[PDB]
Structures are given as C-alpha cells and as structure tokens.
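J.: Sharing a structure with you now.
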Amino acid sequence: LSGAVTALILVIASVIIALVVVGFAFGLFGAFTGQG
Amino acid sequence: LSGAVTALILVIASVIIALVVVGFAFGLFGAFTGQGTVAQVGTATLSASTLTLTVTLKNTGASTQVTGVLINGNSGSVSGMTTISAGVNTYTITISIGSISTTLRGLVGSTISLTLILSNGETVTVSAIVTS
Amino acid sequence: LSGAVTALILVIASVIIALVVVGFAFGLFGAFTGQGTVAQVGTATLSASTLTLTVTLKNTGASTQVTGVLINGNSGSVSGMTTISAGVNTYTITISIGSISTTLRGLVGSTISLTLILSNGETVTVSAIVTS
Amino acid sequence: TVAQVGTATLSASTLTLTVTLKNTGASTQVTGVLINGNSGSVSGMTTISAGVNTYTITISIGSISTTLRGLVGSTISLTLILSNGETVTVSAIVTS
Amino acid sequence: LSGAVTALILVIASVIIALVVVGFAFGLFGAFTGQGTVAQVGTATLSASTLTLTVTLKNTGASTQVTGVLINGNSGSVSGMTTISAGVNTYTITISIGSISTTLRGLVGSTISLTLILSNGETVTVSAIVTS
Amino acid sequence: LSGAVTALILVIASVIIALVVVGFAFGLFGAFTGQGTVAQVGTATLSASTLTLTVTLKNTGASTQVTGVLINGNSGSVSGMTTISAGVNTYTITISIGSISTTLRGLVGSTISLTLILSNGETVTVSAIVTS
Amino acid sequence: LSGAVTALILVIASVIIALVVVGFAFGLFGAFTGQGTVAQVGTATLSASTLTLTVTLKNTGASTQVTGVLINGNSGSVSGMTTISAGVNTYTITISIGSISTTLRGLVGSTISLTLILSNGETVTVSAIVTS
Numbered sequence: 001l002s003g004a005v006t007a008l009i010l011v012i013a014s015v016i017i018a019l020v021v022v023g024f025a026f027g028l029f030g031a032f033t034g035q036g
Numbered sequence: 001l002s003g004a005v006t007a008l009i010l011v012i013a014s015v016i017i018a019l020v021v022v023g024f025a026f027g028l029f030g031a032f033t034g035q036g037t038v039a040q041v042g043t044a045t046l047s048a049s050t051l052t053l054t055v056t057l058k059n060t061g062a063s064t065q066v067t068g069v070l071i072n073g074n075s076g077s078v079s080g081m082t083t084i085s086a087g088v089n090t091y092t093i094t095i096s097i098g099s100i101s102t103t104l105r106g107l108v109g110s111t112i113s114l115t116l117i118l119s120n121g122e123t124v125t126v127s128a129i130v131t132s
Numbered sequence: 001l002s003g004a005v006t007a008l009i010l011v012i013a014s015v016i017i018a019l020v021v022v023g024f025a026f027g028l029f030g031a032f033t034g035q036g037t038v039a040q041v042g043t044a045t046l047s048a049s050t051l052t053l054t055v056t057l058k059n060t061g062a063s064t065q066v067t068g069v070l071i072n073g074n075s076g077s078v079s080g081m082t083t084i085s086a087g088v089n090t091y092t093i094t095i096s097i098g099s100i101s102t103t104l105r106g107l108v109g110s111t112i113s114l115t116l117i118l119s120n121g122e123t124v125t126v127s128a129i130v131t132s
Numbered sequence: 037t038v039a040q041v042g043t044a045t046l047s048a049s050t051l052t053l054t055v056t057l058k059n060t061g062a063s064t065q066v067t068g069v070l071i072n073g074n075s076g077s078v079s080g081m082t083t084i085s086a087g088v089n090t091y092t093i094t095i096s097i098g099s100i101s102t103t104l105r106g107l108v109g110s111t112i113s114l115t116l117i118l119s120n121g122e123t124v125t126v127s128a129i130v131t132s
Numbered sequence: 001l002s003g004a005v006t007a008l009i010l011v012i013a014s015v016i017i018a019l020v021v022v023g024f025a026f027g028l029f030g031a032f033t034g035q036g037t038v039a040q041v042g043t044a045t046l047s048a049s050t051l052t053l054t055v056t057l058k059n060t061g062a063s064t065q066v067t068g069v070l071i072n073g074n075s076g077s078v079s080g081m082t083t084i085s086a087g088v089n090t091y092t093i094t095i096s097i098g099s100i101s102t103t104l105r106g107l108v109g110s111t112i113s114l115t116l117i118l119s120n121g122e123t124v125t126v127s128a129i130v131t132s
Numbered sequence: 001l002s003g004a005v006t007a008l009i010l011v012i013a014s015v016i017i018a019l020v021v022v023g024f025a026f027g028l029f030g031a032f033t034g035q036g037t038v039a040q041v042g043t044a045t046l047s048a049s050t051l052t053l054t055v056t057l058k059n060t061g062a063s064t065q066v067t068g069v070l071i072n073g074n075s076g077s078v079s080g081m082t083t084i085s086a087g088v089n090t091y092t093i094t095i096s097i098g099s100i101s102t103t104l105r106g107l108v109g110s111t112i113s114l115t116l117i118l119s120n121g122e123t124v125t126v127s128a129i130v131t132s
Numbered sequence: 001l002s003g004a005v006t007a008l009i010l011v012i013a014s015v016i017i018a019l020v021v022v023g024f025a026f027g028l029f030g031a032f033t034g035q036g037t038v039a040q041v042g043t044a045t046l047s048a049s050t051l052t053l054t055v056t057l058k059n060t061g062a063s064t065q066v067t068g069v070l071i072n073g074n075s076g077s078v079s080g081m082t083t084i085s086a087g088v089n090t091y092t093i094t095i096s097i098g099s100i101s102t103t104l105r106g107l108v109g110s111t112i113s114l115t116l117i118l119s120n121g122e123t124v125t126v127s128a129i130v131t132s
C-alpha cells in the first residue's frame, strides 16, 4: 500500500522538477538571444 | 480471521491505487507528447516604420498563443494574429514598444534576432531581416 | 467444549480465506504479466493527402484495440486495422479529423509525433515522417 | 474450499468466463457471479468437482453486455458466489 | 462462545482501520497532486540600480509564497508581490541585500541565474538579463 | 488460535511472492543486458546499378535480423544476409525498391545516409558512399 | 479469549519489526549520503621517465583508498599516497607497470586520460599532461 503512495509522490515530484528545468532552459534561451 | 480480511482489503486498495497511478502516468505521456512544438521555417521580416513582424511559424502540436515578444532593448506586447494553429502558416504580428520605435530605421537591410514568448512556456528564437 | 469447536471452525474459515486471497493474488500476477505491451519498432509514415498512418507496432502481450489517436491539434477516430495482434506487424490506420485535414500539406518531409490510445489504457508515442 | 489457480479469461463479445478453479473439499455449485456493475446469472458448467479443473461459464447480464468491448486487453476482477456460502475472488484478462 | 465474539470484534476493528488507512492514502494523493507547481515561462529582468526582479512565473497548483531569493553572493529577502497566484502572471519583486547592491552595475547586458525559495519547499531556477 | 495460523500463512505467501518478483527482476536484467547491440564500424558501399548495400556491422549482443531498410524516398525490403551474428562481420544486403531504383545513378561518388530496421526494435544509422 | 491475546502479540511484533525496518532504512540513507565522493579539481601531471602521477583530487565524503590505476595499455598498481583524505589535496602517486614504461617518452607534451579505481567501488576519470 505504501509502495504505490511512494510511486505517486515520486512521479509528482519528478514532473515538477522536469517542468522547472525545462522552464529554466527556455529562460536561458531567451536571455542569451537578446543579451546584446 | 481478521488478518486475512485486512490482507484482502489492502490488496484490493493497492491494486486500485496502482491502476490509478499507471493511468495518470500514461495520461501525462499523452499530454506531454502533444503539448505544442513551435519553430521557425523561414526568414522573417521586421518592418521599421510600422514595427510589424511577418514570420512563418510551424506548430506540430496543440494550438498555443503569443503572450509577448522580446526585441533588442525592451519586451513589448503583440496585437495581431496571436493564435498559432497547427501546421505551417504565415503570421502578421504587430509589435508595440514605446522606446524601440524608430530605432530600427538605421538598421534597414540588416539582420536581427527576436524571441517569441508563447502560452505553453516555450520561447521561440526568430531571425529576421529589417525592412522599411 | 464450545470454545474448541469455535476455535476449529475459525481455523478452517481462516485457512479457506487465506487460500482464496493467495489464489487471487497469483491470478492478479498472471493477468498483469500478460496484459499487453505495445511499442514502436520503426519509423511510421503519415500521408498528408489521404491522412493515412502506416506504423509498425510490436505487441508482446494480449491483443488490444486502437480506441483513438491524438495528433497535433485535435484527437480523432481511427477507421482501419484497429486490432493489434501479438508480434511485430505493419498496421495501415486511417485517421479522420475535420480540422487537421490539409494542415499537413505544408509539413511534407518533416517529422511528426503522434499518440495512440489503446483499449488497455496504454498510450503509445509514435514518431512519423509526413509524406504526400 | 474453492480458490483460483491461474488467470481467467473473460470474453467481451460472448461474455464467457473461462476460469481454472481448485476445489479441495465437497462439490459445490455456482449460484451467481458479480461483475463490475451488476450481478448476473450463470448458464454453464456450474458444478465444481474436487481437484483442479477448467470451467467454461457463460454470464448473462442485460446491462454489462457490450461494456467490456472497450476493455479488451485490460485486467478485471470478478466474484463467484457458491452454494456453500463462500465467495471466490477471480482476476481475469478481458479478451474478444 | 467468547472466541467468536472476539473474532467479530477484531474483524470490525480491522475493517474500520483499513478504511481509515485507505482514506488517508487517497487524501495524501489529492494533497500531493495539487500542492503547487511553479516554473518560469520567460526571461526575467534584474535591474542593477534598483535591484528589482521582474519575472513571469507559472503556478499550476495551490497558491504559495516567496520566502527568499538566492543571488550570486548572498541570499536576501523579498519585499514585493510575494504571493504567487495560480496561472501565468508577471511579478515585480524587490530584492534587498546589503552586499550584492552595486555589484550588478558592471554586469549590465549580461545574463544571470537566480533561485527563488517558495513556501512549499520548492526552489525555482530563474534566468534573467541584468539591466539598468 | 486462528489469527496466528493466518499470520504464518500470509508470511509464507508473502515470502514466496517476494522471491518470485526478485527473480523476475533479475531475469529482466539479464535479458536486457544481452538483448543485442548493433552499430556501424566502417563506411558502407551502396551500389547504384545493382542496389546492393555492403555494410560492416558490429553486434555485441544476441543475434538479430534485418526486417527492412529506409532509404531517401521509400522503405524497401532486404533480400540477402539478413542474419546479424555476434561480432564484426561484413554483410552484403540486396535492397529492392520499385521507385528508388536508377535514382542513385546521378549520385555516384556522393555520400548517403541509411537506416536499418532490426528485429529487436532498434534502428541503425548507416553512412555509405554511392558507387556504380 | 486467545484470539485477542494473539492479536496483541502480533500487533506488538509488527510494531517492533516496522520500527527495525524504518531504522535500517534511515541508517542506509546516512551511510549512502556520506560514502565518499572523489573528483578531479585540476589538471594532473604524468611524468614519463619516473612514471609518477601528481593529481589534485577532491573528496567530499568518507576517506577511501586507491586500489589501482588504469592507463592506456595495462592496469598497474599504485605505490604512494594511496589514502584520499577529505577535502582538496595534491597526491603524488607512483605507478608501476612493466609494459607501459618508456611508452610515454614519445608522448611528452601531449594530453592523456587515466582512470583511478577506489576502495569504495568508484572510478575517477583523470586528464593529465605527459611531462618528462
């Protein structure tokens, strides 16, 4: 019963982290395109 | 007698939860596969007098919007054809910035790089030719 | 005298219930092992004029169906060779969407990503080349 | 004592359940079945002899029919009601 | 006679406890699904003179706060628009650090990376352009 | 008295099931380690007149097959030396496509890229020189 | 009367076992966090005449050893300063290989890559400059 709870918690955390990393990469792209 | 009852209840609950988690993961896969992919498929044109950007964009995913643009000095708003449909289409987008206006008049014939901010959190790098 | 009678009745009932639970768990294991695993084993072809998807799919489990497809803009129905047999086979599936039609004519020669919704609750991500 | 000794098969088109059951006691009957939505009757091989045997049981429910056509390839859980007051939990694979 | 009484009492208690545990697990699932997901959806701007950060953040979960920020040298406090509502919004956050002030005047036009500490225990990595 | 009987039965069943799962996981590891790894270890030769591909392939896993090939325009079948043994060997494979024939006569001396579809679901990218 | 006695005994035993398992898991976490992390923090120097490796290594965990080294042709032993303390330190390690000796005399001024085998089962990749 605890295994699936841990699986869902880890899946949610992994999704959050992946979204954060992708957003940071795209922000890096925008910052580097118009740096001057 | 109660131990086996508890065992069966826990087994059923664990099966239900595992099925829910697996379904959610597959739904995540489907949602992320077709979230929307926007890229450039040709040289854009940035008018200096009218500050109008004509860019051909390719969308191989869900339909997104154009929340804003980032030009050399400042980031301004967009006021035309902000909906990006699926496929390859030419979009005529008007850019409104108080300061960047009239700065491109000395750049006619030069190349320029832009950034398009979309509603799906993705930034598209656009290369254009400054015209008049 | 009644206490030992109750003890034996409860012991027999507990044994029966435990055997039932164990058998159900092993049946669950057997059912989940061979539920059906569908993946892609080659590049697919997505015609733009006829909107026909030719994809090679591998099924290492039970035979499932194709309930629907998810392309860039909208999710449409499927009208051909929707049964996925075990092994590796080439399936010619026709996709019918009112809006996505004629949008792929400007994407000929490009790559595309699809999602296939199956009857076993599993989504398969498919990469294809847009042709004419 | 009736238990399951293997994965069962639940056809969607014919609504036929093929289940291997083990009986280590007296011979009982199958009074009914309990599927997801409704509980229906059984119309084949309802006598469960001693030992391990494969029983082909036909299930007749007015409403559950054609609902399993969208579940082909998925797993399912059933309950078998016996004449000795014991319920057997059965895990099966939905086929066509 | 007492054995079966004890058996029924234990069965009822086990059922109650199993239901409580299952309900708690499902409540945990619901709480963790919508705890709050904050990411960046565009390039931020970090003023050097006023030390003001203008960042567009996307929150697809519960509303959180901004407890602090982490810039190159030191971690400072935040004194504006610290509440992050659901959706995509632009937040103007003022950063107050004793030492990092005036250090960004030599970095005008360069790129910078920040970290935002939220009240839900999640750190958001932000890429910005240093302006004046 | 029945509670401890149920406890021991459940403990034994749980141990059996855990051992089965662990053994299955280790078998999965062994199967995935040696499933078959095919790569290119030299420049291939693609004849234009005979449409014959001579490619040196390295297989550091189980022996697979060549289900098909993907050349510029169309994907065709293969009719020679389709079995890929372990190690490094030179395979002479004949390609049969109705349309791609005679198209390579104008590409003699140029470089070309191919894709080989294997029976283990893996695609191998091959670079070749078009000859006559 | 015996059923509740068995229930309490089983509850106490289950609590004891669960506490033991939780404590073991947390001890595993503590042991794995500080097992020893060794990396390179600068260019190393590999003498050709004396076959002496001078490498700066950083250890942010427990103190490990150097069981052996792997150079281009053969893997040899190490005979100096094999203990890697915590922090950043410069280690002068003498390498003894029968065959690799005098092979580096023709590589003076070139770059080289090494591998260091540690007592904690971790291999460290080292880039060095061949000197005399």
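Residue numbers (the authors' numbering), protein chains in the order written: chain V, 1 to 36; chain R, 1 to 132; chain A, 1 to 132; chain H, 37 to 132; chain O, 1 to 132; chain Q, 1 to 132; chain P, 1 to 132. A virtual CB, placed ideally from N, CA and C, is assigned to each residue, including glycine.
Taking only three categories from DSSP, how would you classify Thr52/O?
T.: Mapped onto the fifth sequence, residue 52/O falls at position 52. Correct three-state label for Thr52/O: strand.
J.: First and last residue of the beta strand (DSSP E) that includes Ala128/R?
T.: By one-based count along the second sequence, residue 128/R stands at place 128. Segment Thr123 to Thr131, the beta strand (DSSP E) holding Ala128/R.
J.: Relative to chain A, which residues along the stretch 100 to 122 of chain R have a C-beta separation below 7 Å, given in chain order?
T.: Going along the stretch 100 to 122 of chain R in chain order, one finds no residue with a Cβ nearer than 7 Å to chain A.
J.: Work out the CA separation of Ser85/A and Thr56/Q for me, nearest whole Å.
T.: Taking the first residue of the sixth sequence as 1, we reach residue 56/Q at position 56. Taking the first residue of the third sequence as 1, we reach residue 85/A at position 85. Looking at the two C-alpha atoms, the distance is approximately 34 Å.
J.: With a threshold of 7 Å between beta-carbons, can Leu10/O be considered close to chain P, or not?
T.: Numbered from its first residue, the fifth sequence carries residue 10/O at position 10. Cβ-Cβ to chain P under 7 Å: yes for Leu10/O.
J.: Kindly indicate if chain R contains any beta-carbon less than 7 Å away from that of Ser96/O.
T.: As a working note, residue 96/O is residue 96 in the fifth sequence. With 7 Å as the cut-off, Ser96/O does not count as an interface residue toward chain R.
J.: Spatial neighbours of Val108/R within its chain, please: CB distance less than 7 Å, with the 5 preceding and 5 following residues excluded, ordered by chain position.
T.: Reading the second sequence from its first residue, position 108 is the one you call residue 108/R. So the qualifying residues of the chain are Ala48, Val130, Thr131 and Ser132.
J.: Below 7 Å between beta carbons: does that hold for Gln35/A and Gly61/A?
T.: Here the question's residue 35/A lines up with position 35 in the third sequence. Here the question's residue 61/A lines up with position 61 in the third sequence. Taking 7 Å as the Cβ cut-off, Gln35/A and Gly61/A qualify as a contacting pair.
J.: List the endpoints of the continuous beta strand (DSSP E) containing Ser99/P.
T.: As a first step, residue 99/P is located in the seventh sequence; it is residue number 99 there, counting from the start. Per DSSP, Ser99/P belongs to no beta strand (DSSP E) and is neither H nor E.
J.: For the candidate residues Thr52/O, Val15/O and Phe24/O, whose alpha-carbon lies nearest to that of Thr82/O?
T.: Translated into positions along the fifth sequence, residue 82/O becomes position 82. Comparing Cα positions, the closest option is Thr52/O.
J.: From residue 133/P to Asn74/O, what does the alpha carbon distance come to, in whole angstroms?
T.: Residue 133/P falls outside the range modelled here, since chain P spans only 1 to 132, and no answer is possible.
J.: Using DSSP bridges, identify the partner residues of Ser77/R.
T.: For this step, residue 77/R is matched to residue 77 along the second sequence. Looking at the DSSP assignment, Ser77/R forms a beta bridge with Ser96/R.
J.: Give the secondary structure of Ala44/H by DSSP, where H, G and I count as helix, E and B as strand, and everything else as coil.
T.: By 1-based counting over the fourth sequence, the position of residue 44/H is 8. It is a strand residue.
J.: Measure from the alpha carbon of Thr123/A to the alpha carbon of each residue in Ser14/A, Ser79/A and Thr37/A, then state which is nearest.
T.: Here residue 123/A refers to the residue found at position 123 of the third sequence. Minimum Cα distance to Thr123/A is reached at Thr37/A.
J.: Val88/P and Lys58/P - do their beta-carbons sit closer together than 7 Å?
T.: To locate residue 58/P, count along the seventh sequence from 1; it is residue 58. To locate residue 88/P, count along the seventh sequence from 1; it is residue 88. Contact flag set, yes.
J.: Please go through the same chain and pick out, in chain order, the residues whose beta-carbon is closer than 8 Å to the beta-carbon of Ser63/H, but skip the five residues on each side of it.
T.: The residue given as residue 63/H occupies position 27 in the fourth sequence. The residues are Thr83, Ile84, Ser85 and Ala86.
J.: So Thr33/R is in the alpha helix (DSSP H); what residue range does that whole segment cover?
T.: Against the second sequence, residue 33/R aligns to sequence position 33. Looking at the DSSP string, the run of the alpha helix (DSSP H) that includes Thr33/R is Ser2 to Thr33.
J.: Going along chain O in order, which residues have a C-beta closer than 7 Å to the C-beta of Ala7/P?
T.: By 1-based counting over the seventh sequence, the position of residue 7/P is 7. Residues of chain O passing the Cβ test: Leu10.
J.: To which residues of the same chain is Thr6/P closer than 6 Å at the C-beta, ignoring the five residues directly before and after it?
T.: Start at 1 with the first residue of the seventh sequence, and residue 6/P comes out as number 6. So no residue of the chain qualifies.
J.: By the 10 Å Cβ neighbour count, where 16 or more other Cβ atoms means buried, how is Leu10/V classified, buried or exposed?
T.: Here the question's residue 10/V lines up with position 10 in the first sequence. Classification of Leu10/V: exposed, given that the 10 Å Cβ count is below 16.
J.: Pull up the DSSP beta-bridge partners for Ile71/O, would you.
T.: The sequence position of residue 71/O within the fifth sequence is 71, counting from 1. Answer is none; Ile71/O lacks a bridge partner.
J.: Check whether the Cβ atoms of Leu46/A and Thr115/A sit closer than 7 Å, and answer yes or no.
T.: Against the third sequence, residue 46/A aligns to sequence position 46. Against the third sequence, residue 115/A aligns to sequence position 115. No, the Cβ-Cβ distance between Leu46/A and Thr115/A is not below 7 Å.
J.: Where does the unbroken beta strand (DSSP E) through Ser110/P begin, and where does it stop?
T.: Within the seventh sequence, residue 110/P is the residue found at index 110, counting from 1. Unbroken run through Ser110/P: none, as it is neither H nor E.
J.: Exposed or buried, which one is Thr125/H when buried takes at least 16 other CB atoms within 10 Å?
T.: For the purposes of this step, residue 125/H is taken as the residue at position 89 of the fourth sequence. Its Cβ being crowded by 16 or more others within 10 Å, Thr125/H is buried.
J.: Could you name the residues of chain R that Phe26/V contacts, counting a contact when the two beta carbons are closer than 7 Å?
T.: What you label residue 26/V is simply residue 26 of the first sequence in a count that begins at 1. Those within 7 Å of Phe26/V in chain R are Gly121, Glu122 and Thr123.
J.: Name the chain H residues that come within less than 9 Å of residue 187/A, Cβ to Cβ?
T.: Outside the displayed span of chain A (1 to 132) sits residue 187/A, for which this structure offers no information.
J.: If I measure Cβ to Cβ from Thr111/O and keep anything under 7 Å in the same chain, skipping five residues before and after, which residues do I get?
T.: Taking the first residue of the fifth sequence as 1, we reach residue 111/O at position 111. Taken in chain order, the residues that qualify are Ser127 and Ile129.
J.: State the CB to CB distance for the pair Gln65/P and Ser119/P, rounded to an integer number of angstroms; the pair is presumed to be in contact (CB under 8 Å).
T.: For the purposes of this step, residue 65/P is identified with residue 65 of the seventh sequence, where counting begins at 1. For the purposes of this step, residue 119/P is identified with residue 119 of the seventh sequence, where counting begins at 1. Going by Cβ atoms, the distance from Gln65/P to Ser119/P rounds to 4 Å, so yes, they are a contact pair.
J.: With a cut-off of 7 Å, does the C-beta of residue 67/V fall near any C-beta of chain O?
T.: An answer regarding residue 67/V cannot be provided, because it is not within the stretch 1 to 36 covered by chain V.
J.: Spell out whether any CB of chain H is found under 7 Å from the CB atom of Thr64/A.
T.: As a first step, residue 64/A must be located in the third sequence, where it is residue number 64. Chain H contact via Cβ: present.
J.: Could you tell me whether the Cβ atoms of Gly76/A and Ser96/A are closer together than 7 Å?
T.: Sequence index remark: in the third sequence, residue 76/A carries index 76 (1-based). Sequence index remark: in the third sequence, residue 96/A carries index 96 (1-based). Yes.
J.: Under a Cβ-count criterion, where at least 16 other Cβ atoms within 10 Å of its own Cβ denotes burial, should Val21/P be classed as buried or exposed?
T.: The count along the seventh sequence starts at 1 and reaches residue 21/P at position 21. That one is exposed.
J.: Counting only Cβ-Cβ distances shorter than 9 Å, please list the residues of the stretch 33 to 57 of chain A near chain Q, keeping chain order.
T.: From the stretch 33 to 57 of chain A, only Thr33, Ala39, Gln40, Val41, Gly42, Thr43, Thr45 and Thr56 have a Cβ closer than 9 Å to chain Q.
J.: In the DSSP assignment, what are the bridge partners of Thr64/A?
T.: Along the third sequence, read from residue 1 onward, the residue named residue 64/A stands at position 64. Paired residues: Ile84/A.
J.: Just the C-alpha distance for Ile16/Q and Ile12/A, rounded to the nearest angstrom, thanks.
T.: Taking the sixth sequence and counting its residues from 1, the one referred to as residue 16/Q is at position 16. Taking the third sequence and counting its residues from 1, the one referred to as residue 12/A is at position 12. Their backbone Cα atoms lie some 22 Å apart in a straight line.
J.: Looking only at C-alpha atoms, which of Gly27/R, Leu28/R and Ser14/R sits nearest to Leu28/A?
T.: Taking the first residue of the third sequence as position 1, residue 28/A is located at position 28. Cα-wise, what sits closest to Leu28/A is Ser14/R.
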